[PDB]
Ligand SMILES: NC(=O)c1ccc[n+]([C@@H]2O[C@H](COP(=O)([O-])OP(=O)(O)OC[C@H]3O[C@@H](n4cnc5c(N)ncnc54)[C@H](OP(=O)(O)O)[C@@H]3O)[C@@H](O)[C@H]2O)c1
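One chain comes next, on its own, written out as C-alpha cells in the form deposited without the ligand.
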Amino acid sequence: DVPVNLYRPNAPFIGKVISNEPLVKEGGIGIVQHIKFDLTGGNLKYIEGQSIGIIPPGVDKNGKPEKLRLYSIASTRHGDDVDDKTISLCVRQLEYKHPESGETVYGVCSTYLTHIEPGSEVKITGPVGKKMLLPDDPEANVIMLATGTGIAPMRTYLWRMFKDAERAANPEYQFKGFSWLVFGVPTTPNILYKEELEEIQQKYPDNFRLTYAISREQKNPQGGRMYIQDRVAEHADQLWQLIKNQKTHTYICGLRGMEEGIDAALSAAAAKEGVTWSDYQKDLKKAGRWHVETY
C-alpha cells in the first residue's frame, strides 16, 4: 500500500521545477531552499516520511556519470497546494573546507538544486523509505527531534496534521494527539518554516509544542552553545514519560551526530525508574515506534 520505487534511476521521472524559494533569511548561515517539482505527466505518488532521488547532471572527477542523491520529501502526499500534482524538497547547499583539495568545496547535487531555475527538468526517482512513516492513529503522540534539513519529514507530519486544507482533504486523519518539535539551527533566520511553525502552534496550543535550540543565540546550563541534545536533556523527564505511552512515536532526522546526546539524556531519565533506555529503545525499534534517519 505504501508507494515505493515507482521510478528507478535507469528510467527516472523527468519532472519540472515550478518554484525555488529561499528558507534562510538575512543574517543566517548558508543556503537552504524550498524547491517544488511538477509531477504531472507521470505517476509518482508518495506519503509522509519518504525520500526521493535526484540525479544531478554531469560527470565526477573520474569521468563517471553522477549518481542519485536522496532528499527527504518536504511535502505531504498532496503537495504544498493540496492538489496532488507536485512534490517539494528542502535542500541545503553543502560547502566545506580547504583540506579537501581547493578552498571552499561545493556539493554537486545540492548546489545544482539550490540554484536550479523554474522551468528546468529534473531526474527524480522513488519514493523510497519505510523507516519514517507516520501512524494513521489520530490519537498518536509524535515527538520530533530535528536539526537543519531534518525538518523536512517533520514538515510533512505537521502539515498533514494541522493545515486547514489538509484536514479538509483527509476526513480520516483529524489529529487530536500531542506533537512536540525540538528544532536545532544556528540562528533565528535559519529557522526554516518559522512563520508556519509558529502559526501552527497558535492554532493548536494544546496539540503542538514548538521548542527551539539556537546555538548562536542560546547557551545551555554549562555555558556552551545550545543544541537539540541540550533541550532534550532539559526536558528529559517529560520526554521519557511521553515515550512510555503505547501510542507515542519518536522521529529523529538531520545530519549525523545528534543521537548520542539524545540517548544519554533519556538514559538518565529512564534510569530513575529502573529502566535501561538502550534496551527499552530496542523494543521501540522493533515496535516501529523509534524512527531515525540521519545522514
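The first residue of the sequence shown is number 1, and the count goes up from there.
Visitor: With reference to the PDB entry, specify whether the mean Cα temperature factor is higher for 233-241 or for 27-35.
Guide: Stretch with the greater average CA B-factor: 233-241.
Visitor: Which is higher on mean Cα B factor in this entry, 41-49 or 255-263?
Guide: Higher mean C-alpha B-factor in the PDB entry: 255-263.
Visitor: Between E217, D83, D137, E198, which carries the biggest CA temperature factor in the record?
Guide: Among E217, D83, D137, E198, the highest C-alpha B-factor in the entry belongs to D137.
Visitor: Considering only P186, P99, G79, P127, which residue's Cα atom bears the greatest B-factor as recorded?
Guide: In the PDB entry, the greatest C-alpha B-factor among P186, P99, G79, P127 is found at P99.
Visitor: What third of its chain, lowest, middle or highest, does the C-alpha temperature factor of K67 fall into?
Guide: Ranked within chain, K67 CA B lands in the highest tercile.
Visitor: Looking at the entry's B-factor column for C-alpha atoms only, identify whether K176 ranks in the lowest, middle or highest third of its chain.
Guide: According to the entry, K176 has a C-alpha B-factor in the chain's highest third.
Visitor: What third of the chain does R160 rank in for C-alpha temperature factor, lowest, middle or highest?
Guide: As the PDB entry reports it, the C-alpha B-factor of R160 lands in the middle third of its chain.
Visitor: If you rank the chain by CA B-factor, which third does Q281 end up in: lowest, middle or highest?
Guide: Middle third, going by the recorded CA B-factors of the chain.
Visitor: Pull the Cα B-factor of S75 out of the PDB entry and bin it into the chain's lowest, middle or highest third.
Guide: Its C-alpha B-factor, which the entry lists for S75, ranks in the lowest third among residues of this chain.
Only in words, not in the display: the form deposited with the ligand bound, which the text now covers.
Visitor: Open or blocked: the ligand, posed as in the deposited bound form, superposed onto this form via site C-alphas, with 3 or more ligand atoms within 2.4 Å of backbone or C-beta counting as blocked?
Guide: Blocked: 3+ ligand atoms clash with backbone or C-beta.
Visitor: Please check if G126 has a heavy atom lying within 4.5 Å of any heavy atom of the ligand in the deposited bound form.
Guide: Output for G126 is no: heavy atoms all beyond 4.5 Å of the ligand.
Visitor: Counting only non-hydrogen atoms and a 4.5 angstroms cut-off, does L94 reach the ligand in the deposited bound form?
Guide: So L94 counts as contacting the ligand.
Visitor: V185: heavy atom within 4.5 Å of the ligand in the deposited bound form?
Guide: The answer is yes: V185 has a heavy atom within 4.5 Å of the ligand.
Visitor: Check whether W240 has any heavy atom within 4.5 Å of a heavy atom of the ligand in the deposited bound form, and answer yes or no.
Guide: Contact with the ligand, no.
Visitor: Each of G15, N20 and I116 near the ligand in the deposited bound form, meaning some heavy atom within 4.5 Å?
Guide: No, none of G15, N20 and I116 comes within 4.5 Å of the ligand in the deposited bound form.
Visitor: Name the residue from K194, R167, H78, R225 that puts a heavy atom within 4.5 Å of the ligand in the deposited bound form.
Guide: For this set of options, the contacting one is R225.
Visitor: Which residue, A270, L44, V232, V32, has a heavy atom that falls within 4.5 Å of the ligand in the deposited bound form?
Guide: Checking each option against the ligand in the deposited bound form, the one that comes within 4.5 Å is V32.
Visitor: So which of 200-208, 168-176, 135-143, 214-222 is the stretch with heavy atoms within 4.5 Å of the ligand in the deposited bound form?
Guide: Checking each option against the 4.5 Å cut-off leaves 214-222.
Visitor: Taking the ligand in the deposited bound form, which residues along 243-279 bring a heavy atom to within 4.5 Å of it?
Guide: Contacts from 243-279: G254, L255, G257, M258.
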